[PDB]
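A short worksheet on the structure shown next.
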Amino acid sequence: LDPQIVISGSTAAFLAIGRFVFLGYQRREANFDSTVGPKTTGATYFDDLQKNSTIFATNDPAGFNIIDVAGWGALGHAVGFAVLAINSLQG
Amino acid sequence: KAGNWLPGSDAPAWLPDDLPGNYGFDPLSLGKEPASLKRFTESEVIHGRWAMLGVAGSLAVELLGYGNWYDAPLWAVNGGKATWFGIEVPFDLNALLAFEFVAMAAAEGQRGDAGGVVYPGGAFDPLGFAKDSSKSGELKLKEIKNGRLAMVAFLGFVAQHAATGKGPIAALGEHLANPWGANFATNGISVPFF
Amino acid sequence: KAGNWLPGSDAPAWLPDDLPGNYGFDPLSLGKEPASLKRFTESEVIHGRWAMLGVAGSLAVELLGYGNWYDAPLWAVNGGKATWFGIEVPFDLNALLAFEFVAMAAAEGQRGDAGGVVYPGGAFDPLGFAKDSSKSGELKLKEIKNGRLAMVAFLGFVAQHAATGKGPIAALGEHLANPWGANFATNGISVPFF
Amino acid sequence: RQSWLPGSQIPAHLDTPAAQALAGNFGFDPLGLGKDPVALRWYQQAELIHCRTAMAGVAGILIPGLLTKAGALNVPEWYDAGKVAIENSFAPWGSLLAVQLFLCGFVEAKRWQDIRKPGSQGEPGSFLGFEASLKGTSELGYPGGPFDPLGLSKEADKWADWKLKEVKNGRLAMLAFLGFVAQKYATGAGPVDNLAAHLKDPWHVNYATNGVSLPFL
Amino acid sequence: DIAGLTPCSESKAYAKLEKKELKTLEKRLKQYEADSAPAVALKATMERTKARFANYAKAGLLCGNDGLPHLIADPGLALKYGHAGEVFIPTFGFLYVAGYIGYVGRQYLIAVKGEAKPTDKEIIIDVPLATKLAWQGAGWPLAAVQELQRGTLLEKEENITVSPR
Ligand code: CLA
Ligand code: CLA
Ligand code: CLA
Ligand code: CLA
Ligand SMILES: CC1=C[C@H](O)CC(C)(C)[C@H]1/C=C/C(C)=C/C=C/C(C)=C/C=C/C=C(C)/C=C/C=C(C)/C=C/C1=C(C)C[C@H](O)CC1(C)C
Ligand SMILES: CC1=C[C@H](O)CC(C)(C)[C@H]1/C=C/C(C)=C/C=C/C(C)=C/C=C/C=C(C)/C=C/C=C(C)/C=C/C1=C(C)C[C@H](O)CC1(C)C
Ligand SMILES: CC1=C[C@H](O)CC(C)(C)[C@H]1/C=C/C(C)=C/C=C/C(C)=C/C=C/C=C(C)/C=C/C=C(C)/C=C/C1=C(C)C[C@H](O)CC1(C)C
Ligand SMILES: CC1=C(/C=C/C(C)=C/C=C/C(C)=C/C=C/C=C(C)/C=C/C=C(C)/C=C/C2=C(C)CCCC2(C)C)C(C)(C)CCC1
Numbered sequence: 032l033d034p035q036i037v038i039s040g041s042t043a044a045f046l047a048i049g050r051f052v053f054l055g056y057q058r059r060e061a062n063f064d065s066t067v068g069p070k071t072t073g074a075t076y077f078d079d080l081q082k083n084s085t086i087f088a089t090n091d092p093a094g095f096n097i098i099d100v101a102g103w104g105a106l107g108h109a110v111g112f113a114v115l116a117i118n119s120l121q122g
Numbered sequence: 031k032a033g034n035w036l037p038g039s040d041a042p043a044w045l046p047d048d049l050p051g052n053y054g055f056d057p058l059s060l061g062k063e064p065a066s067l068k069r070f071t072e073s074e075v076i077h078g079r080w081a082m083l084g085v086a087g088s089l090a091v092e093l094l095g096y097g098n099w100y101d102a103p104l105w106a107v108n109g110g111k112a113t114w115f116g117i118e119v120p121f122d123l124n125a126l127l128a129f130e131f132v133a134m135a136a137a138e139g140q141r142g143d144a145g146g147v148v149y150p151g152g153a154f155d156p157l158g159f160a161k162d163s164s165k166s167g168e169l170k171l172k173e174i175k176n177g178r179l180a181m182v183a184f185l186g187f188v189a190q191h192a193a194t195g196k197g198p199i200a201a202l203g204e205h206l207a208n209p210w211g212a213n214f215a216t217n218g219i220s221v222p223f224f
Numbered sequence: 031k032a033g034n035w036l037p038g039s040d041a042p043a044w045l046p047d048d049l050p051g052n053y054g055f056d057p058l059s060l061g062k063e064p065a066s067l068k069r070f071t072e073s074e075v076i077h078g079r080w081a082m083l084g085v086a087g088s089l090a091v092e093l094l095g096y097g098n099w100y101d102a103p104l105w106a107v108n109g110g111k112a113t114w115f116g117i118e119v120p121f122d123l124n125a126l127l128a129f130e131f132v133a134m135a136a137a138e139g140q141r142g143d144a145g146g147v148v149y150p151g152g153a154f155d156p157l158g159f160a161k162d163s164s165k166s167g168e169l170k171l172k173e174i175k176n177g178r179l180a181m182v183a184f185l186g187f188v189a190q191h192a193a194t195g196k197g198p199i200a201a202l203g204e205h206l207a208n209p210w211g212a213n214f215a216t217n218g219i220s221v222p223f224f
Numbered sequence: 027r028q029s030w031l032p033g034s035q036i037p038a039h040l041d042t043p044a045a046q047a048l049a050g051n052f053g054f055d056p057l058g059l060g061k062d063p064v065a066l067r068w069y070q071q072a073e074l075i076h077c078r079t080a081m082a083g084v085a086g087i088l089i090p091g092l093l094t095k096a097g098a099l100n101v102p103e104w105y106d107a108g109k110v111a112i113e114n115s116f117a118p119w120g121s122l123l124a125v126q127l128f129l130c131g132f133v134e135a136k137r138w139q140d141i142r143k144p145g146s147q148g149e150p151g152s153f154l155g156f157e158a159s160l161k162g163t164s165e166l167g168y169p170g171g172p173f174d175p176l177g178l179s180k181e182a183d184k185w186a187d188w189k190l191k192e193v194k195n196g197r198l199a200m201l202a203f204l205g206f207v208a209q210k211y212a213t214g215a216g217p218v219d220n221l222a223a224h225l226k227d228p229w230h231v232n233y234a235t236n237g238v239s240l241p242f243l
Numbered sequence: 063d064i065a066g067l068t069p070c071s072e073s074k075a076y077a078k079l080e081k082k083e084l085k086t087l088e089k090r091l092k093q094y095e096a097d098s099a100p101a102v103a104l105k106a107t108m109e110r111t112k113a114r115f116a117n118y119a120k121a122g123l124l125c126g127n128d129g130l131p132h133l134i135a136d137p138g139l140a141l142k143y144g145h146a147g148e149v150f151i152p153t154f155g156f157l158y159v160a161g162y163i164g165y166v167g168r169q170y171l172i173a174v175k176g177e178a179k180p181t182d183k184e185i186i187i188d189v190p191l192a193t194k195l196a197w198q199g200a201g202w203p204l205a206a207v208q209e210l211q212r213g214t215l216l217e218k219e220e221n222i223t224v225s226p227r
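Below is the structure:
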């Protein structure tokens, strides 16, 4: 009934399942240039709080930024605490 | 052209002839468009394989005497332990849920990346059938026909146990006992105004 | 032309002359088309062989005194054990059902693959008759005639036991006892208004 | 030609070579239903099926109904034949109705597809070999082959007369069955007994006296 | 029973209302004579009233807590418990006669559009033609499904649609 085993195994499983098999299918939806590449053709402030500013660099061979880690880890935590919570009501 | 589902009537134009299980069965004109038809072929074959597996499984469970398919998952809501052919299975509901999620997600993602492929080869052909692509068409026909039969049988399982609450082999046994005395007219829930 | 089933009337045009048991008997015009006629020839000969076997079997059973053909399968519904010529048979209903299903499925599939073949040869000819194909036609004629007779006799068995409930030789014996006193007019269920 | 009402204008849709070639034409169409030749075709099919099943049913009512007044054939009344039969039988009426729904739906589906397409049911490989003799006989509603076993439908000189006898007896049979229903709800006994009680006293026992069939007098 | 009520035969409120109506009616009856047409009409009213109560009790009607009949509008429920004569049969009767009226009218309209002055035969009814078509449609539903299945029931898109879109 260890919380560390449930949560750690959960986040490990979801980071793995996002690492190896659902990477390319998530990267096929990066191509929105068919419909939107200029989200905002702007010059100044009030347009670049809305346009991209920084690019998170990855020396990762596949290219996980901190954002994908945050996402898959977040799903892992949600599911892990769901498992512990369903375990919580006296089995 | 394996046949014609309604003698005399003309076949639909959008069904191509070289295709397994091409009986021309389409009243609703669901597959008139190409890409949708291809997706539907994929879905039909896959549902067929899963239906075969499920029906064979329930029949094996009841035929070797381990309860029905309905009380196989009984050990998880009411406290207990899973089994296999007379041996206990040391796992928890969440354990099998985790390994099922990971394994099925991996397998189905891998499959769902190679476009739409229905017949693989090489390492999903480990015994050496369907090599000449000649009788392979007939094997496709046999595959899809047995698959349709299995889907219908499984829908039968769901409805039958939803009506009478007994297992398949038990229902067949009692139906062979008294044929006119008990079938879906003695059901009492199938046809209401009896 | 083995004969003519109705003197004077013309033979049907679709029956070919070189054919066993060609009496020209077809009021309904059932075999006017070629492929259907071939299928019917197959069916007639096969039904004839099976009828011969069944009739000979029921006769042998009653003639050697082991009950009728109706109470040969009596040991399975009411608890008991099968027999043959005075010796017990150590099997269960499901055991004979399994071996019958497998054996008959194998044999009939094998037969049903070689197109439509009615006269095999070589290993279904182990004694050396019908080699010249000359008197083989006459043997075909004798085969088909005895087969028609056997079919009629077996339908007689079913109707007779459905009427009076007695076995064949018992019915013949009592009919030879009092000819006018007991036949299908003393049946009481054949002709209703008596 | 004969007409139902001598002197009445026969409608123009019942006066064609296609409509005068029909069995039992008497120009009877007061409500002009058959203005569509396709609809007239379908309605002719309806009349034929109703004729045949009406004859069968009414014969089933009468002949046991008559012969039970003799010694043999103790048959109960037609409005009570079901109950006694099901008490005689082996299965409940629900399963029997289901089985007859299946076995009749198959056949009626056949016949229907032959109505929509005339040469339909005979096409190679469809059935196991009766496709040989499941075509029509060039006049829809009158198949041949395994129907008409005795060969009575081969001669061309008796053709229109066999047709016309069929349609006349059938119309009379439909009238007879409607009479069976009304006499059941009106007097409350079997039709044979109604016939006997009317022959016994004609001028006193009819539908002018039963007190239901016209209540205003 | 059917949604928590009772049939009117054993309904206590039913007989109380019946007694109340008879009571007021006899109260009106008391002050006249025994041969007077007032008393004749009053006794006629008594007879019709009691006959009405008996007829409503005989038909197997269902009464709530007010003792008044309640109709059940549900095919499965009414056909299962013997109430087809309160909504079901009435709706098929009405649909028959209403479609009959509509079909007769429509046939008249098409019959008179083909003349030289459609407005005169609309304002001044062609009585022979109107009686003729008034008979000719007693079986309308068959002609209706035929006109439907032949595609003559519906005009195509030569109808005038609003301009612009
Ligand atoms: C798993 C579902 C499924 C799917 C997706 C398909 C797909 C296909 N079938 Mg198919 N088939 C199936 C099951 C399926 N089959 C089963 C079970 C049978 C046996 C009855 C058949 C028998 C069959 C024949 C005989 C033929 C096809 C054909 C086809 C193809 C063209 C028809 C089409 O557009 O299908 C699209 C289908 C769907 C979109 C199905 C979706 C499910 C619908 C929307 C709801 C069904 C609800 C159901 C009736 C509820 C029952 C409940 C119960 C209590 C009554 C297409 C590839 C034709 C062909 O050439 O074969 C390849 C053809 O002639 N099928
Ligand atoms: C097992 C059934 C069977 C079949 C399929 C055939 C097939 C054939 N026979 Mg045949 N025959 C049979 C049994 C059969 N025979 C029997 C038992 C007899 C003895 C009475 C004969 C005597 C016979 C003669 C004398 C002739 C044929 C001929 C033929 C050929 C052409 C006729 C045709 O189209 O047949 C098609 C047949 C069928 C489709 C039969 C199907 C069964 C029907 C549809 C239902 C029968 C129900 C039955 C009457 C019910 C009785 C119940 C009882 C209580 C009254 C064809 C190869 C002709 C020929 O050239 O010989 C080769 C010919 O001249 N037959
Ligand atoms: C289980 C395995 C098996 C298999 C795969 C086959 C396969 C075959 N058999 Mg076969 N057969 C088997 C077992 C088997 N048989 C057994 C156990 C018997 C009894 C000993 C027979 C007796 C038999 C005969 C007599 C004939 C065949 C024929 C055939 C061929 C026709 C295929 C077809 O479409 O028929 C599809 C058939 C059906 C779906 C069933 C038809 C049911 C009939 C019409 C009903 C008959 C009346 C019924 C029995 C009620 C009678 C009541 C009684 C009291 C009188 C096919 C090669 C026929 C053949 O070779 O013709 C080319 C043929 O004439 N077989
Ligand atoms: C206007 C919509 C409507 C609504 C809300 C209802 C409501 C009801 N109907 Mg119903 N019915 C309707 C229209 C409607 N009917 C029409 C138009 C018909 C003629 C085709 C029927 C024919 C009918 C029958 C034959 C039966 C009912 C029954 C019922 C009851 C339970 C079933 C149910 O709700 O299914 C949900 C209904 C809908 C979503 C509306 C569509 C109408 C369908 C065709 C009716 C469904 C019947 C259902 C499958 C039977 C279930 C059996 C039950 C024992 C579980 C419920 C009071 C059952 C009953 O008597 O209950 C005790 C029953 O046996 N109805
Ligand atoms: C074709 C067409 C066409 C036209 O156009 C239209 C129409 C007609 C509409 C259409 C039709 C359709 C249809 C009918 C369909 C059907 C389907 C199905 C039934 C499926 C199933 C399907 C089914 C399936 C898959 C199934 C599967 C199953 C399984 C896995 C099982 C499992 C299991 C096991 C291990 C055992 C245990 O103990 C439990 C469980 C868990 C239970
Ligand atoms: C020809 C024609 C033509 C024209 O055109 C039309 C018409 C006339 C319709 C037609 C006719 C037809 C007919 C008549 C037919 C018949 C058939 C039959 C009878 C069969 C049987 C058939 C029959 C058969 C096979 C049989 C078989 C039998 C068997 C195996 C037996 C078995 C057994 C044994 C071991 C013994 C034990 O103890 C039991 C049992 C189990 C019992
Ligand atoms: C012509 C026309 C034209 C113009 O345009 C207009 C108008 C005038 C309107 C029209 C008219 C019409 C009419 C009149 C019709 C009628 C119909 C009918 C009557 C039918 C029946 C019909 C009828 C029918 C089918 C019947 C059937 C019967 C049956 C099955 C029976 C059965 C049975 C029997 C055996 C005995 C048992 O135990 C029981 C039962 C079950 C009872
Ligand atoms: C270095 C490296 C490595 C490793 C890596 C890792 C292992 C990472 C990790 C990472 C991680 C480990 C991450 C994590 C993250 C997490 C997160 C992001 C979380 C979130 C959370 C949440 C979201 C929660 C929420 C909530 C709450 C608060 C309560 C309950 C309810 C809810 C659900 C709302 C290896 C050896 C493989 C190799 C390569 C290199």
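Chains as they are written, first to last, in UniProt numbering: chain A, 32 to 122; chain B, 31 to 224; chain C, 31 to 224; chain D, 27 to 243; chain E, 63 to 227.
The beta-carbon is built from N, C-alpha and C at its ideal position, and this holds for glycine as well.
Excluding the 5 residues flanking it on each side, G131 (chain D) has no same chain C-beta neighbour closer than 6 Å.
About 31 Å separates the CB atoms of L54 (chain A) and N118 (chain A); that is not less than 8 Å, and the two are not in contact.
Any Cβ of chain D closer than 9 Å to the Cβ of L171 (chain B) would place that residue at the interface, and such an atom is absent. Spatial neighbours of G84 (chain B) in its own chain (CB-CB distance under 7 Å, excluding positions within 5 residues in sequence) are listed in chain order as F184.
Closer than 8 Å to some heavy atom of ligand 7: that describes the Cβ of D55 (chain D). Runs of alpha helix (DSSP H) with 4 or more residues, each lying fully within the region 103-161 of chain C, are found at 104-107, 123-141, listed in chain order.
Under the 9 Å criterion on CB atoms, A44 (chain A) is classed as interfacial with respect to chain B. Chain-ordered, the residues whose CB falls short of 6 Å from any heavy atom of ligand 8 come out as A:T42, A:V100, A:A101, A:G104, A:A105, A:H108, A:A109, A:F112. For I48 (chain A), the neighbours in chain B by C-beta distance under 9 Å run, in chain order, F131, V132, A135, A136, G139. Its Cα nearest to that of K81 (chain E), the residue E:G129 stands out among E:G129, E:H145, E:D136, E:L67.
The alpha carbon of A144 (chain C) has as its nearest neighbour, out of C:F187, C:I199, C:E72, the alpha carbon of C:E72. In this structure, the CA atom of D78 (chain A) is about 11 Å from the CA atom of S84 (chain A). Within the DSSP secondary-structure output, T68 (chain E) pairs in a beta bridge with E:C125.
For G146 (chain C), no chain D residue has a C-beta closer than 9 Å to its own C-beta; the minimum C-beta separation is roughly 12 Å. For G110 (chain B), the closest Cβ of chain A is not nearer than 9 Å. Residue burial annotation: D48 (chain B) is exposed, with fewer than 16 other C-beta atoms found within 10 angstroms of its C-beta. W35 (chain B) and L58 (chain B) have their alpha carbons spaced roughly 14 Å apart. Identification of chain D residues near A200 (chain E) by a Cβ-Cβ cut-off of 7 Å yields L57, ordered along the chain.
Burial of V91 (chain C) is indicated by the presence of at least 16 other C-beta atoms within 10 angstroms of its C-beta.
The beta-carbon of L204 (chain E) is placed less than 9 Å from the nearest beta-carbon of chain D. Within 7 Å of the CB of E63 (chain C), the CB atoms of chain D belong to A158, in sequence order along the chain. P43 (chain D) carries a helical assignment under DSSP once its states are collapsed to helix, strand and coil. Three or more Cβ pairs closer than 8 Å define a contact, and the region 49-67 of chain D meets that threshold against the region 30-37 of chain D. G40 (chain A) belongs to the set of residues whose beta carbon lies under 9 Å from a beta carbon in chain B.
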